[PDB]
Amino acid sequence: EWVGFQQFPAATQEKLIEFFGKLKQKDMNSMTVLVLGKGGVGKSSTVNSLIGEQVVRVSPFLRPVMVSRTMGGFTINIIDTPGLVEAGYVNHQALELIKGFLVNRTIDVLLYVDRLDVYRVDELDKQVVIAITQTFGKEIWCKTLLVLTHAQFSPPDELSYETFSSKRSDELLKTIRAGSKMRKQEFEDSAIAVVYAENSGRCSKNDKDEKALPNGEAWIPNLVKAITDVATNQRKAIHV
C-alpha cells in the first residue's frame, strides 16, 4: 500500500482521489510520469513531495529509479532520473542511461524541472532542451509540464513575485521552443503549462494544512491536477 497518501492533509487526499477518478473514467488505471532536469533543480525532492514519503535520494552535490504507488485501483509510477548536466555541458551518458531505462515503457507526462529562483537562461539550457528532443522526439513537449521549484522565493529589489516568475517561466518556455525547433504552429497547440513546487519544510501551509504557494494554493493538488490533465490531453503518449 501507498503509505505517503495517508500522510497528506485531508484536503490534498480528497483532491487527489477526485483527480485519479477523472483518469479512471477514461479507462486509465495507471500513468507514468518521467522527471527530467538539469542537476540540482529539485527533481528528487518534487518526487518525494508527490509520493508523500522519502523515496529517492536528495543532495546539493547513474542511475534512474522508479517509484510506483497504488490507491483505489489507480497506479502512479514516477521515474526519477540522474541530472542531465556534467557542467558545463550536457551529460550524454546520463541522458541515454535514461533512455535505456525507458525502452518498452509508455511515458504519459514529462515534468521538466527547473528552479524559479534563477535570473537567467543560458546556452546550456538550450543544449539540454535539444539533447531531450534528439533522444525522445519533438512529441515529448506535447506531453510536458514545466515545474518550477523554490516557489516560495522572494525576489529582491523590488520586482514582484509575479513579474519575476512570469519572466522566468517566459524565458524557459522560449528556450524549450527554440531548442525543440518546434514551429509556432505545434507550440501554441502544445500549450505547456507552468506549475510551481516548494519542497522546503519552511514552506507556508494554508489554513487546510496543505503546502501552499504565495497566492494561497495547495501546490501538490495543482501539480497532480496538471499531470492528470496532460495524462488525459488526448495527444498520444511516448513509447521507445
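Residue indices: 1-based, along the sequence shown.
Asker: Could you bin the unmodelled part of the deposited chain lying between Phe61 and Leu62 as none, 1 to 3, 4 to 9, or 10 or more?
Answerer: Per the record, 4 to 9 deposited residues are absent between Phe61 and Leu62.
Asker: Can you work out whether the C-alpha temperature factor of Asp108 puts it in the lowest, middle or highest third of the chain?
Answerer: For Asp108, whose C-alpha B-factor we compare with every modelled residue in the chain, the answer is the middle third.
Asker: Should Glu86 be placed in the lowest, middle or highest third of its chain by the C-alpha B factor in the entry?
Answerer: Answer is middle: the recorded C-alpha B-factor places it there.
Asker: Ordered by C-alpha B-factor within the chain, which third holds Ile51? Give me lowest, middle or highest, please.
Answerer: Answer is middle: the recorded C-alpha B-factor places it there.
Asker: Considering every modelled residue of the chain and its Cα B-factor in the PDB entry, is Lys184 in the lowest, middle or highest third?
Answerer: Its C-alpha B-factor, which the entry lists for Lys184, ranks in the highest third among residues of this chain.
Asker: Within this chain, which third does the Cα B-factor at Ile78 fall in: lowest, middle or highest?
Answerer: Answer is middle: the recorded C-alpha B-factor places it there.
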